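Visitor: One structure follows; several queries about it will come next.
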Amino acid sequence: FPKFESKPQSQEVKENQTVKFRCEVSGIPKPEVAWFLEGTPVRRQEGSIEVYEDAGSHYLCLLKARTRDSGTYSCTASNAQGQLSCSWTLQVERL
């Protein structure tokens, strides 16, 4: 069943900085991790947004954080037996 072993925490940061969110999911078969911003999926870009798995940890990274990225973020681990979801916030500052 999908469980969260380590949830991403909220972070307030300056503009254009790198942000990293780390979901860590356990479960049988393999919880498919999906990320969202206020209910909208957060999909990867060429070199702006990236979503990947590395050493059992799922990641979301904004390498150049803009003010449009502020808001409530969510992560959903999902397999054939269920769906487990959690949330946190991002605050991108200006000058």
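If you're wondering about the labels, chains in the structure tokens are A, B, ... by order shown, residues count from 1 in each chain, ligands from 1 in order shown.
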Please identify which residues in chain A DSSP calls strand (DSSP E or B) from the backbone, and express them as a count of residues only.
Guide: 55
Visitor: Hey, what's within 7 Å of range 83-86 of chain A if we count only C-alpha atoms and toss same-chain stuff fewer than 4 positions away? As a ChimeraX atom specification, please?
Guide: /A:2-3,74-79
Visitor: I'd like the interatomic distance between CA of residue 18 in chain A and CA of residue 41 in chain A, to a tenth of an Å.
Guide: 19.4 Å
Visitor: When distances are computed from only C-alpha atoms, which of A:58, A:14, A:94, A:20 shows the smallest separation from residue 32 in chain A?
Guide: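 Closest candidate: A:58.
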Visitor: Can you tell me which residues surround residue 66 in chain A at a distance of at most 7 Å, considering only C-alpha atoms, apart from same-chain residues fewer than 3 positions away, and format the answer as a list in words?
Guide: residues 15, 16, 69 and 92 of chain A
Visitor: Mind writing the picked residues with N, CA and C atoms as an mmCIF file, in the first residue's frame?
Guide:
data_model
loop_
_atom_site.group_PDB
_atom_site.id
_atom_site.type_symbol
_atom_site.label_atom_id
_atom_site.label_comp_id
_atom_site.auth_asym_id
_atom_site.auth_seq_id
_atom_site.Cartn_x
_atom_site.Cartn_y
_atom_site.Cartn_z
ATOM 1 N N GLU A 15 14.150 35.081 -5.118
ATOM 2 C CA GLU A 15 13.916 34.893 -6.557
ATOM 3 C C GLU A 15 15.156 34.317 -7.264
ATOM 4 N N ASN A 16 14.930 33.590 -8.356
ATOM 5 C CA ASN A 16 15.938 32.948 -9.201
ATOM 6 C C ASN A 16 16.801 31.845 -8.502
ATOM 7 N N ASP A 69 5.800 30.657 -9.238
ATOM 8 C CA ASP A 69 5.928 29.383 -8.522
ATOM 9 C C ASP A 69 5.467 29.436 -7.067
ATOM 10 N N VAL A 92 8.169 32.540 -3.006
ATOM 11 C CA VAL A 92 9.309 33.076 -3.770
ATOM 12 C C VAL A 92 9.311 34.628 -3.616
#
Visitor: Counting only C-alpha atoms, which residue out of A:34, A:72, A:61, A:40 sits closest to residue 87 in chain A?
Guide: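 Looking only at the distances to residue 87 in chain A, the closest residue turns out to be A:72.
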Visitor: May I ask which of the residues A:44, A:88, A:12, A:33 is the closest one to residue 67 in chain A, counting only C-alpha atoms?
Guide: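 Residue with the minimum atom-to-atom distance to residue 67 in chain A: A:12.
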